[PDB]
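Enquirer: Structure in C-alpha cells, see below.
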Amino acid sequence: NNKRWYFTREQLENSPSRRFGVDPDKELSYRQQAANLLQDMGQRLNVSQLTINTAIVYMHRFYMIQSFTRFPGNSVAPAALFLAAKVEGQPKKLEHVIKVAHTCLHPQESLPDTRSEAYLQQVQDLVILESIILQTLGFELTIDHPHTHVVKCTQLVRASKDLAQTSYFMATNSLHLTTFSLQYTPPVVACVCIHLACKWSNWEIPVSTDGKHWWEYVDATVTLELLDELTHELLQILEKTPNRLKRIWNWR
Amino acid sequence: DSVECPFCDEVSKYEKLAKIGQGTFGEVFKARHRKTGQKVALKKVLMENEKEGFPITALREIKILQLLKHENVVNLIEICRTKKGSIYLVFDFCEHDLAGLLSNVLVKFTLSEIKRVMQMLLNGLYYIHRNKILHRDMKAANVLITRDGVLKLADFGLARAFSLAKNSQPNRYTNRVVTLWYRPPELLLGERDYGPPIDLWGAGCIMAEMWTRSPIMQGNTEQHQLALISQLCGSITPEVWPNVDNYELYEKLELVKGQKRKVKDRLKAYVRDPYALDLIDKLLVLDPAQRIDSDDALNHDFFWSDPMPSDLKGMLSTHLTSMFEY
C-alpha cells in the first residue's frame, strides 16, 4: 500500500548496505554523491529539476532494497535518470545519456568507439540496470515531491519572493542531503522546509486568528516539536556542505 | 548470482492456458494462479525492437492503468517478470467480450439488458474522462464482460492523458488513432486538438452494433470511411458544423457535397425503440462540440423508460458456459 516506501529510523539503520559492511555515515554520503552525479548530469542533459528529483527518489528507494556494494552509485544514477526522463515526458536518447555520463565520471578520457564492443556493452549494461531499477521499485514510478505543496505552502503564509525562493532551496537540498523523502510525506517535508526558511530569514509566521499554527493547514500530523528536530538535522548537514549555505546568505 | 526483488513476482506463479486476443501491441494469454486457480489475463510487453530501453508507451499504459481504479474499467493486479527478460501485465480475468457476443448468433439481448450495457459503458467513459484520460481505441473488441455481467473497458495501449487547452496554444495530439470503422470525423479531417467526444463517437458505433450485430460503417481507407459516414449523418458543411472549413482537408479531400441526414431512418429497421434511436443520434453527431457527452447521455430518457436496465448474470450463465473471443 501507501506505506511501502516509507520507513522507520531503525529500518534506515538496518539498510541493505549496512548488512554488507557499510557504516551509516559511509552510506549517507554514497547517496549524496549519487544525487550530485544526477544533478550534474541532468543539468547537462537539460532536464527539469523535477525530473532530476524523480531520479533521486528512484535512487533513494532503490537502495532501501539493494546494496551499494552490489550496485555502485555511479552505475545506478545514469540509469535512474534515463528512466526518470522518459517517465516525466522529457525522454533523452540512450546514447546521449551515456555520453554525458561518461564525461562527468571521466572528464579526461575520450568516448570509446561508438562501434566497439566496449561501448556496445556499457549500452547493454545501462538497459539491464534500468530494468533492475523498474523491478526493484515494483514498477511504481509515479512520484510526488515536496515542491508541489511548497509552492502552495508559501502562498498559504503569503511569503515574500525571497522567502519562497529560500524555501525551494531547502526543499531541493533536502532531497540531495537527507533521507527525509524515505521517512516523511511530501506535505510534511514542505513544512520542514518553510519552517527552517523562516528561522533562516528571521521571519515570524503570525499565529492564526484562532490560535492554530500555519502548518496545521497542511498536514495535521505536524507538531512544532517535530519541525524543530528535522530543521535541526537539515541545517546541521547543510552547514557541513561547502558553499551551500552561501547561496542563501544575506550579505548586505 | 541473483538480485533481490520483493515487489515483482515471477510470472511462473501463473500457469498459461490459451491465447485469447491477438491485438496490436497485445499478445494476450489467459492464465491460472498455480495456487488459487484464480483466472487472469497476461499481456506480455512487446519488445519488437525498442532500442530505447523500456518502451515509453508501455510506461504510459502502466501509469494509466494504475490510476484508473473503477468497476467499469479493467483491473491491473500487478506486473510480473520472467528472470533476455520479459515483462507481463496481469489483469483480472473477464470471461466475454462484446465482439464475441455480438457475432455469436446463439446470443440475444433484451432491450433492458442492452440498456444496462450502454449504461455501464457510458459510466466508464464518464470516469476516465473525469480523470483526464482518452481511450482512443473504442471498439466492441475492447469492451469486456465478466461472468457476473459487469462491463469493463479494456486495452489502454493507445490511451493518453489530455489537458485544458488555453493560454492561446491548441494541443498537438496524435492524429492517427482509434480503429478505422469506429473513428470519428474530427480525426479523419486531421484534427490535433480533439477531446473526450472522440470516444463518445466510438460509443455511438457500438450502440448500433448492439442491434445490427455488425460494425455499422466498414471502410477500406480513410477516404472510403469519410464518405460512408457522410452517407449516414449528412454532408459536412459550415451550416451543420461551424468552422469545419478551417481543416486543410475540408474539400481538399473531394468530399461528397450532396447528402442529408439519414441516420434514424437507416436504423429503424434494426432498433425499434424510439428512445434508443434518439440516443444513437445525439452520439453520432458530426460536430464534436455538438455531440452528446457522457453525463448527459446517462440522463437521457433511454435509461429511464418502461423497459428498465436489467442485470445480466442470469443470461450469461444460462446462455453459454464458454467465453466468447475470436
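Residue numbers start at 1 in each chain; chains themselves are named A, B, ... in the order of the C-alpha cells; ligands are numbered from 1 in the order shown.
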As a ChimeraX atom specification, list the residues of range 104-251 of chain A assigned to alpha helix (DSSP H) by DSSP on the backbone atoms of this structure.

Expert: /A:104-105,117-136,146-155,161-177,186-201,224-240

Enquirer: Near residue 102 in chain A, within 12 Å and counting only C-alpha atoms, which residues show up once chain neighbours fewer than 5 positions away are dropped, as a PDB file with N, CA and C atoms, in the first residue's frame?

Expert:
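Writing done, so here's around33.pdb:
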ATOM      1  N   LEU A  37      25.882  13.537  -8.799  1.00  0.00           N
ATOM      2  CA  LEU A  37      26.029  12.978 -10.134  1.00  0.00           C
ATOM      3  C   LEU A  37      24.789  13.200 -11.006  1.00  0.00           C
ATOM      4  N   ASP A  40      24.223  16.992 -11.661  1.00  0.00           N
ATOM      5  CA  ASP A  40      25.168  17.371 -12.693  1.00  0.00           C
ATOM      6  C   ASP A  40      24.697  16.895 -14.053  1.00  0.00           C
ATOM      7  N   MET A  41      24.501  15.588 -14.172  1.00  0.00           N
ATOM      8  CA  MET A  41      24.056  15.022 -15.425  1.00  0.00           C
ATOM      9  C   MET A  41      22.826  15.757 -15.933  1.00  0.00           C
ATOM     10  N   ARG A  44      23.317  19.038 -17.584  1.00  0.00           N
ATOM     11  CA  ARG A  44      23.948  18.895 -18.884  1.00  0.00           C
ATOM     12  C   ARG A  44      22.948  18.391 -19.930  1.00  0.00           C
ATOM     13  N   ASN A  74      27.612   5.154  -9.104  1.00  0.00           N
ATOM     14  CA  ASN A  74      27.960   5.642 -10.430  1.00  0.00           C
ATOM     15  C   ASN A  74      27.264   4.927 -11.589  1.00  0.00           C
ATOM     16  N   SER A  75      26.785   3.717 -11.364  1.00  0.00           N
ATOM     17  CA  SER A  75      26.183   2.997 -12.467  1.00  0.00           C
ATOM     18  C   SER A  75      24.667   3.112 -12.413  1.00  0.00           C
ATOM     19  N   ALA A  77      22.879   5.757 -11.038  1.00  0.00           N
ATOM     20  CA  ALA A  77      22.436   7.119 -11.339  1.00  0.00           C
ATOM     21  C   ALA A  77      22.009   7.343 -12.797  1.00  0.00           C
ATOM     22  N   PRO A  78      22.919   7.092 -13.751  1.00  0.00           N
ATOM     23  CA  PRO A  78      22.601   7.346 -15.161  1.00  0.00           C
ATOM     24  C   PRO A  78      21.353   6.591 -15.568  1.00  0.00           C
ATOM     25  N   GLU A  95      22.105   6.851 -26.172  1.00  0.00           N
ATOM     26  CA  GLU A  95      23.490   7.230 -26.437  1.00  0.00           C
ATOM     27  C   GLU A  95      23.801   8.538 -25.764  1.00  0.00           C
ATOM     28  N   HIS A  96      22.882   9.466 -25.956  1.00  0.00           N
ATOM     29  CA  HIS A  96      23.011  10.792 -25.421  1.00  0.00           C
ATOM     30  C   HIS A  96      23.266  10.810 -23.914  1.00  0.00           C
ATOM     31  N   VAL A  97      22.573   9.948 -23.174  1.00  0.00           N
ATOM     32  CA  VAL A  97      22.751   9.844 -21.727  1.00  0.00           C
ATOM     33  C   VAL A  97      24.028   9.112 -21.346  1.00  0.00           C
ATOM     34  N   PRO A 107      36.273  13.023 -16.871  1.00  0.00           N
ATOM     35  CA  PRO A 107      36.287  14.279 -17.630  1.00  0.00           C
ATOM     36  C   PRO A 107      37.430  14.316 -18.642  1.00  0.00           C
ATOM     37  N   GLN A 108      38.411  13.435 -18.436  1.00  0.00           N
ATOM     38  CA  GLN A 108      39.628  13.377 -19.247  1.00  0.00           C
ATOM     39  C   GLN A 108      39.492  12.407 -20.414  1.00  0.00           C
ATOM     40  N   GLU A 109      39.341  11.126 -20.089  1.00  0.00           N
ATOM     41  CA  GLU A 109      39.180  10.091 -21.100  1.00  0.00           C
ATOM     42  C   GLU A 109      38.241  10.570 -22.216  1.00  0.00           C
ATOM     43  N   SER A 110      38.370   9.960 -23.390  1.00  0.00           N
ATOM     44  CA  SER A 110      37.559  10.307 -24.549  1.00  0.00           C
ATOM     45  C   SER A 110      36.602   9.164 -24.806  1.00  0.00           C
ATOM     46  N   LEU A 111      35.420   9.472 -25.332  1.00  0.00           N
ATOM     47  CA  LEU A 111      34.400   8.448 -25.538  1.00  0.00           C
ATOM     48  C   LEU A 111      34.888   7.325 -26.447  1.00  0.00           C
ATOM     49  N   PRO A 112      34.679   6.063 -26.026  1.00  0.00           N
ATOM     50  CA  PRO A 112      35.112   4.917 -26.832  1.00  0.00           C
ATOM     51  C   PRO A 112      34.486   4.930 -28.213  1.00  0.00           C
ATOM     52  N   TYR A 119      31.986  -0.193 -25.921  1.00  0.00           N
ATOM     53  CA  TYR A 119      30.877   0.741 -25.898  1.00  0.00           C
ATOM     54  C   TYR A 119      29.541   0.016 -25.925  1.00  0.00           C
ATOM     55  N   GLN A 122      28.523  -1.315 -22.471  1.00  0.00           N
ATOM     56  CA  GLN A 122      28.047  -0.379 -21.461  1.00  0.00           C
ATOM     57  C   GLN A 122      26.671   0.167 -21.843  1.00  0.00           C
ATOM     58  N   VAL A 123      26.289  -0.024 -23.106  1.00  0.00           N
ATOM     59  CA  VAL A 123      24.941   0.318 -23.561  1.00  0.00           C
ATOM     60  C   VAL A 123      23.945  -0.734 -23.086  1.00  0.00           C
TER      61      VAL A 123
END

Enquirer: Near chain A, meaning an atom within 9 Å, which residues of chain B appear when counting only C-alpha atoms? Write them as an MDAnalysis selection string.

Expert: chainID B and resid 3:8 51:54 56 59:60 62:63 66 78:81

Enquirer: Which residue gives the smallest distance to residue 322 in chain B among B:265, B:15, B:95, B:10, with only C-alpha atoms counted?

Expert: B:95

Enquirer: Counting only C-alpha atoms, which of B:311, B:186, B:222, B:301 gets nearest to residue 244 in chain B?

Expert: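 Among the listed residues, the smallest separation from residue 244 in chain B belongs to B:186.
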
Enquirer: So what do you get for CA of residue 181 in chain A versus CA of residue 56 in chain A, distance-wise?

Expert: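 Going from CA of residue 181 in chain A over to CA of residue 56 in chain A covers 9.7 Å.
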
Enquirer: Of the candidates A:120, A:28, A:230, A:156, which shows the shortest atom-to-atom distance to residue 193 in chain A, using only C-alpha atoms?

Expert: A:230

Enquirer: Please give the complete set of residues from range 85-278 of chain B that DSSP, run on the backbone, assigns to strand (DSSP E or B), formatted as a list in words.

Expert: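 Answer for range 85-278 of chain B restricted to strand (DSSP E or B) is residues 88, 89, 90, 91, 92, 96, 97, 133, 134, 143, 144, 145, 151, 152, 153, 160 and 161 of chain B.
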
Enquirer: CA of residue 91 in chain B to CA of residue 76 in chain B: how many Å, to one decimal?

Expert: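 Straight-line distance from CA of residue 91 in chain B to CA of residue 76 in chain B works out to 4.4 Å.
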
Enquirer: Can you tell me which residues surround residue 282 in chain B at a distance of at most 10 Å, considering only C-alpha atoms, apart from same-chain residues fewer than 4 positions away, and format the answer as a PyMOL selection string?

Expert: chain B and resi 200-201+204+277-278+286+290-293+297

Enquirer: So the first atom is CA of residue 153 in chain B and the second is CA of residue 170 in chain B; what is the distance between them in Å, to one decimal place?

Expert: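 Separating CA of residue 153 in chain B from CA of residue 170 in chain B is a distance of 28.4 Å.
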
Enquirer: I'd like the neighbourhood of residue 161 in chain B as a PyMOL selection string, where a residue qualifies if any of its atoms comes within 10 Å (using only C-alpha atoms), though same-chain residues fewer than 4 positions away should be ignored.

Expert: chain B and resi 60+64+128-129+131-135+173

Enquirer: Please provide as a list in words all residues within 8 Å of residue 46 in chain B, with the sequence filter that same-chain residues fewer than 5 positions apart are discarded (counting only C-alpha atoms).

Expert: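 Non-adjacent residues within range: residues 25, 26 and 27 of chain B.
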
Enquirer: Taking N, CA, C and O atoms for each residue, export the selection above as a compact mmCIF listing (two decimals), in the first residue's frame.

Expert:
# COMPACT_ATOMS: atom_id res chain seq x y z
N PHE B 25 0.21 -4.66 -30.41
CA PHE B 25 0.92 -4.50 -29.13
C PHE B 25 0.29 -5.28 -27.97
O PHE B 25 0.45 -4.92 -26.80
N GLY B 26 -0.41 -6.36 -28.30
CA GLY B 26 -1.06 -7.20 -27.31
C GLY B 26 -1.06 -8.68 -27.67
O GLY B 26 -1.72 -9.11 -28.61
N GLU B 27 -0.28 -9.45 -26.92
CA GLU B 27 -0.31 -10.90 -27.02
C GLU B 27 -0.94 -11.42 -25.73
O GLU B 27 -0.26 -11.56 -24.71

Enquirer: With only C-alpha atoms as the counted atoms, please give the residues lying no more than 12 Å from residue 98 in chain B, apart from itself and same-chain residues fewer than 2 positions off, as number ranges by chain.

Expert: B: 94-96, 100-104, 107-109, 114, 117-118, 121, 138-146, 149-154, 206-207, 209-210, 213-215, 323-326

Enquirer: So that I can see what lies close to residue 190 in chain B, please list as a PDB file with N, CA, C and O atoms, in the first residue's frame the residues with an atom at most 9 Å from it, counting only C-alpha atoms and leaving out residues fewer than 6 positions away in the same chain.

Expert:
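The resulting file, out26.pdb, is reproduced below:
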ATOM      1  N   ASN B 175      -2.610  12.224 -34.465  1.00  0.00           N
ATOM      2  CA  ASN B 175      -3.910  12.168 -35.123  1.00  0.00           C
ATOM      3  C   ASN B 175      -4.397  10.784 -35.543  1.00  0.00           C
ATOM      4  O   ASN B 175      -5.591  10.524 -35.493  1.00  0.00           O
ATOM      5  N   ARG B 176      -3.497   9.900 -35.964  1.00  0.00           N
ATOM      6  CA  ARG B 176      -3.921   8.595 -36.483  1.00  0.00           C
ATOM      7  C   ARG B 176      -4.213   7.563 -35.389  1.00  0.00           C
ATOM      8  O   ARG B 176      -3.501   6.566 -35.277  1.00  0.00           O
ATOM      9  N   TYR B 247     -10.190  23.159 -41.733  1.00  0.00           N
ATOM     10  CA  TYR B 247      -9.406  21.952 -41.957  1.00  0.00           C
ATOM     11  C   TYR B 247      -8.826  21.942 -43.366  1.00  0.00           C
ATOM     12  O   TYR B 247      -9.525  22.203 -44.346  1.00  0.00           O
ATOM     13  N   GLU B 248      -7.539  21.638 -43.459  1.00  0.00           N
ATOM     14  CA  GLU B 248      -6.865  21.596 -44.743  1.00  0.00           C
ATOM     15  C   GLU B 248      -7.434  20.542 -45.673  1.00  0.00           C
ATOM     16  O   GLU B 248      -7.144  20.543 -46.864  1.00  0.00           O
ATOM     17  N   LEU B 249      -8.233  19.635 -45.137  1.00  0.00           N
ATOM     18  CA  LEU B 249      -8.746  18.547 -45.955  1.00  0.00           C
ATOM     19  C   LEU B 249     -10.233  18.722 -46.252  1.00  0.00           C
ATOM     20  O   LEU B 249     -10.851  17.851 -46.862  1.00  0.00           O
TER      21      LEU B 249
END

Enquirer: Using only C-alpha atoms, which residue out of B:246, B:61, B:39, B:188 lies closest to residue 224 in chain B?

Expert: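 Going through B:246, B:61, B:39, B:188 one by one, the smallest distance to residue 224 in chain B is for B:188.
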